[PDB]
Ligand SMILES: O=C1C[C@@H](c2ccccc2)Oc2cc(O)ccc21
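One chain is shown next in structure tokens, namely the form deposited without 7-hydroxy-2-phenyl-chroman-4-one.
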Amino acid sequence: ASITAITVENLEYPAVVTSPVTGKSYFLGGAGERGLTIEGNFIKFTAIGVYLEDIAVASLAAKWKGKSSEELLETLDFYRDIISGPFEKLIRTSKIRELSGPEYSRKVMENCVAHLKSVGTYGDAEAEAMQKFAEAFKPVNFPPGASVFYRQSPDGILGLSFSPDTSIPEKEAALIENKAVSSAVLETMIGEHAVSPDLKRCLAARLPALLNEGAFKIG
């Protein structure tokens, strides 16, 4: 049962969390830094952490038990099972430098629209969903330490939550009810065409120990 907390620029990601929204419990799959490769110096803007619902271990165990971290990292099918598995995923982006909602959401929505176009599932319903996605961010500003939570439900729903700190809000700001879009965000982070592989590495490193257990139980 060796899953640990991760800290990204003084922003702490606890090893386990329990949603006040769903009542489900999640474990930390990985965490890293994001920013811009601009002005010659790398400037950290956000931290990202990916949480998997506790039942994910039992679900992933069948196919991936006994595999090594090196092998998992090189296997696309592993991350597809994570992206599209029958369990909730919870992503937490924490700000290191202040960003408005539209400022932060710009690049995130670009990647999603790009992905949805790549795989040929960007129709009217998905464009509207991405519109509802944008609107959720417009009235919000993110000082340092403030967080956005993406709750990806396997039922094809994406819940957005904003917090002034790292704790999960009781209510969600919006519900994007679209299957293609619901998984789009996580795809841009650990999918095949994900630019930074730091989260892919983190997941590959942490899961094999859990998968040998056969299941994950908080407490």
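All residue numbers are counted from 1 along the displayed sequence.
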Determine, for stretches 166-174 and 38-46, which one has the higher mean CA B-factor as deposited.
38-46
Hey, which bit's got the bigger mean C-alpha B factor in the entry, 119-127 or 78-86?
119-127
Just the C-alpha B-factor column, please: which of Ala209, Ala15, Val195, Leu203 has the biggest number?
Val195
So if I compare the CA B-factors in the entry for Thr188, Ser68, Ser153, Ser161, which one is the largest?
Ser68
Compare the C-alpha B factor of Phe137 with those of the other modelled residues in its chain, then answer lowest, middle or highest third.
lowest
Record-listed C-alpha B factor of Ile157: chain third
lowest
Chain thirds of CA B-factor: placement of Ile96:
highest
Can you tell me which third, lowest, middle or highest, the CA B-factor of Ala61 falls into for its chain?
middle
Which third, lowest, middle or highest, does the C-alpha temperature factor of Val181 belong to within its own chain?
middle
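Below, we refer to the form solved in complex with 7-hydroxy-2-phenyl-chroman-4-one, which is not included among the displayed structures.
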At 4.5 Å by heavy atoms, is each residue in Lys117, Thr121 and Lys179 next to 7-hydroxy-2-phenyl-chroman-4-one in the deposited complex?
no
Partner contact for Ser161 in the deposited complex: 7-hydroxy-2-phenyl-chroman-4-one, 4.5 angstroms, heavy atom:
no
Non-hydrogen atom contact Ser183 with 7-hydroxy-2-phenyl-chroman-4-one in the deposited complex at 4.5 angstroms
no
Could you confirm whether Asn141 comes within 4.5 Å of 7-hydroxy-2-phenyl-chroman-4-one in the deposited complex, counting heavy atoms only?
no
When the contact criterion is heavy atoms within 4.5 Å, does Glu71 count as touching 7-hydroxy-2-phenyl-chroman-4-one in the deposited complex?
no
In the deposited complex, the residue from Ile82, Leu99, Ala129, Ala136 that sits within 4.5 Å of 7-hydroxy-2-phenyl-chroman-4-one by heavy atoms
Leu99
Only one of 152-160, 61-69, 43-51, 171-179 gets a heavy atom within 4.5 Å of 7-hydroxy-2-phenyl-chroman-4-one in the deposited complex; which is it?
43-51
Going through 100-128 from first to last, which residues have a non-hydrogen atom within 4.5 Å of 7-hydroxy-2-phenyl-chroman-4-one in the deposited complex?
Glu103, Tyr104, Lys107, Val108, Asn111
